[PDB]
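What follows is a single structure, written as structure tokens, with notes after it.
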Amino acid sequence: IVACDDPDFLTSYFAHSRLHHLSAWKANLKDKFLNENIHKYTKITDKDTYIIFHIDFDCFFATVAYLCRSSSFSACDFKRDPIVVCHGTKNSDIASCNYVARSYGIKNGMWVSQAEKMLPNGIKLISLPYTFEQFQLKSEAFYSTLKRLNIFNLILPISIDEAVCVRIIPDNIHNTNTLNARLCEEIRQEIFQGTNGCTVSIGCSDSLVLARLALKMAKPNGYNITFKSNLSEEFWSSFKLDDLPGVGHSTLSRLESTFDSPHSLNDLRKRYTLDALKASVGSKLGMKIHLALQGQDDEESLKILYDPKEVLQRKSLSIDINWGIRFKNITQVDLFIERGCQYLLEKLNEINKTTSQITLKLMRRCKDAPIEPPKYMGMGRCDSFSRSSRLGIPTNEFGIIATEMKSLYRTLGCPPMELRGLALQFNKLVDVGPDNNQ
DNA sequence: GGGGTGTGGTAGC
DNA sequence: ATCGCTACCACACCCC
Ligand SMILES: [Mg+2]
């Protein structure tokens with residue numbers, strides 16, 4: 001056990017935090033793409049008619065945690081057993097669940113206690129540990145297979161287990177759904193072989209958003225082909241409102257109230273006006289949804305296809321620790337902040353940049369929230385506070401940055417014993433050139 | 001027209 | 001027990 005005031009707390013928390021792994025893997029995938037392609041030209045022109053194949057593993061962690069499970073779990077059955085991947089027993093997040101578990105209405109993000117109660121008696125939840133290193137290797141095999149197929153002109157990494165693959169269709173070639181079925185089946189078979197038993201599903205379409213929706217419809221272990229020319233009431237009636245990219249619980253709730261609680265995108269599609277959309281959720285998001293309900297991508301989402309190198313270039317660097325934060329005094333907070341900056345400055349040296357603006361964010365116990373929340377070591381119910389600060393000369397100097405961060409903490413006025421979470425950000429990054437003379 | 005800030009939402013498992 | 005990260009866009013409100 002390593003507590004927030006121990007020197008090794010940052011290292012142990014990140015080794016254990018799957019959310020860190022997700023983010024660290026994404027970042028490495030993004031930088032890897034930029035490296036492979038520094039000399040190649042990674043763009044899709046407006047000259048190109050293209051097909052989008054949106055690929056991702058079916059219940060990634062659960063699948064892989066099963067396939068590499070320890071001897072204690074040799075007899076458990078991925079097709080009959082409700083399986084979750086989690087650290088703990090009570091208020092531990094279900095990082096991933098197989099589709100047997102979902103049949104009982106369980107979803108990721110749910111706590112293990114909550115999911116235990118949606119099972120009939122006698123049916124027992126299986127809880128698998130995380131296998132991070134195997135998660136990596138299976139992902140490597142995933143992207144290695146996608147490249148070896150030589151059927152894609154651009155392979156965009158979305159996630160450790162998710163990629164958007166772009167096929168350019170010359171106008172001499174007449175695309176057909178038969179040929180698209182055969183590609184999906186090739187891809188699915190080849191990743192099944194290359195990953196020793198992991199299955200992917202594929203959405204296939206002539207827009208990013210319809211490929212995202214097709215993919216939801218393809219799950220589990222299948223594929224779906226739906227171009228703009230194939231749209232139908234049957235299609236839209238199949239999706240919830242928060243199946244739309246950009247629509248999370250907050251946008252959902254706003255949409256639900258403005259539009260008489262639509263229960264499908266088909267419901268949404270018939271009742272909506274562009275301006276009532278914009279009014280309900282916002283101008284840019286409203287437009288994105290409007291375009292989306294026609295099967296069309298917006299200008300912001302098309303950028304990744306036109307200039308992936310710019311969209312995938314890292315613009316900020318940060319850490320976030322909102323679990324395990326329990327400090328008795330201001331000295332321990334300052335030393336933790338210093339470990340934080342030291343960590344971020346290593347990462348910042350790796351990418352050979354300086355930073356010219358930094359931010360500190362914190363979570364403070366709500367005045368009426370219990371000192372110890374339901375989730376062990378959780379941040380609990382919190383107000384957030386943020387404050388940023390421009391540096392004069394861009395820099396990678398620990399002395400300047402750690403001093404300013406501690407100053408920022410101090411302007412925020414949060415007693416060490418009320419602290420429940422900390423973020424440390426480098427907001428603007430500046431390249432280091434061969435010229436360094438003033 | 002151009003800056004700026006802090007805040008809030010969303011995405012992957 | 002339990003590991004509630006992190007990048008990025010958008011917005012609302014401020015300034016000369
Ligand atoms: Mg959604």
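Worth knowing before you read on, the calculation uses all heavy atoms, side chains too, and leaves out hydrogens, waters and symmetry mates. Letters A, B, ... mirror the listed sequences (proteins, then strands); counts begin at 1.
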- [ ] State whether the distance check finds a donor on one side and an acceptor on the other, under 3.5 Å, for side chain A:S23 versus base C:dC5.
- [x] yes
- [ ] State, yes or no, whether a side-chain contact exists between A:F235 and A:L210 at a heavy-atom distance under 4.5 Å.
- [x] yes
- [ ] Ignoring backbone atoms, establish whether A:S92 has a side-chain N or O less than 4.0 Å from OP1 or OP2 of C:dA1.
- [x] no
Open item on the list: Does A:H20 reach a base, just sugar-phosphate, or nothing at all? Heavy atoms under 4.0 Å.
Closed with: sugar-phosphate
Task: Minimum side-chain heavy-atom gap A:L154-A:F33 below 4.5 Å - done: yes
Open item on the list: Categorize A:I319 for me: base, sugar-phosphate, or nothing, with a 4.0 angstrom heavy-atom threshold over every strand shown.
Closed with: sugar-phosphate
TODO: Using distance alone, with no hydrogens and no angle criterion, decide if A:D298 and A:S301 have a side-chain donor and acceptor under 3.5 Å apart.
DONE: yes
Task: Phosphate OP1/OP2 of B:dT5 contacted by A:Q357 side-chain N/O (<4.0 Å) - done: yes
Open item on the list: Return the OG1 to CG distance between A:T354 and A:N396, rounded to the nearest 0.5 Å.
Closed with: 6.5 Å
Task: Phosphate contact (C:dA7 OP1 or OP2) by A:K315 side-chain N/O below 4.0 Å - done: no
- [ ] With heavy atoms under 4.0 Å as the rule, sort A:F60 into base, sugar-phosphate or nothing.
- [x] sugar-phosphate
TODO: Quick one: look up who B:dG6 pairs with, Watson-Crick or G-U, both distances under 3.5 Å, and put none if it's unpaired.
DONE: C:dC11
TODO: Among C:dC5, B:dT10, C:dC9, find the nucleotide with the atom closest to the side chain of A:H249.
DONE: B:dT10
Task: side-chain N/O A:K361 vs B:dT7 OP1/OP2, d < 4.0 Å - done: no
Task: A:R314 vs C:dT6: side-chain N/O to OP1/OP2 distance below 4.0 Å - done: no
Task: C:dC5 phosphate, OP1 or OP2, under 4.0 Å from A:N322 side-chain N/O - done: yes
TODO: Could you check whether A:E300 gets within reach of a base, just the sugar-phosphate, or nothing at all, counting any heavy atom under 4.0 Å?
DONE: sugar-phosphate
TODO: Report yes if a side-chain nitrogen or oxygen of A:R18 is closer than 4.0 Å to either non-bridging phosphate oxygen (OP1 or OP2) of B:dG12; otherwise report no.
DONE: no
- [ ] Ignoring the backbone of A:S318, work out which of B:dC13, C:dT6, C:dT2 is nearest its side chain.
- [x] C:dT6
- [ ] Return the stacking result for C:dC3 and A:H16: yes when the ring centres lie under 5.5 Å apart and the planes under 30°, no otherwise.
- [x] yes
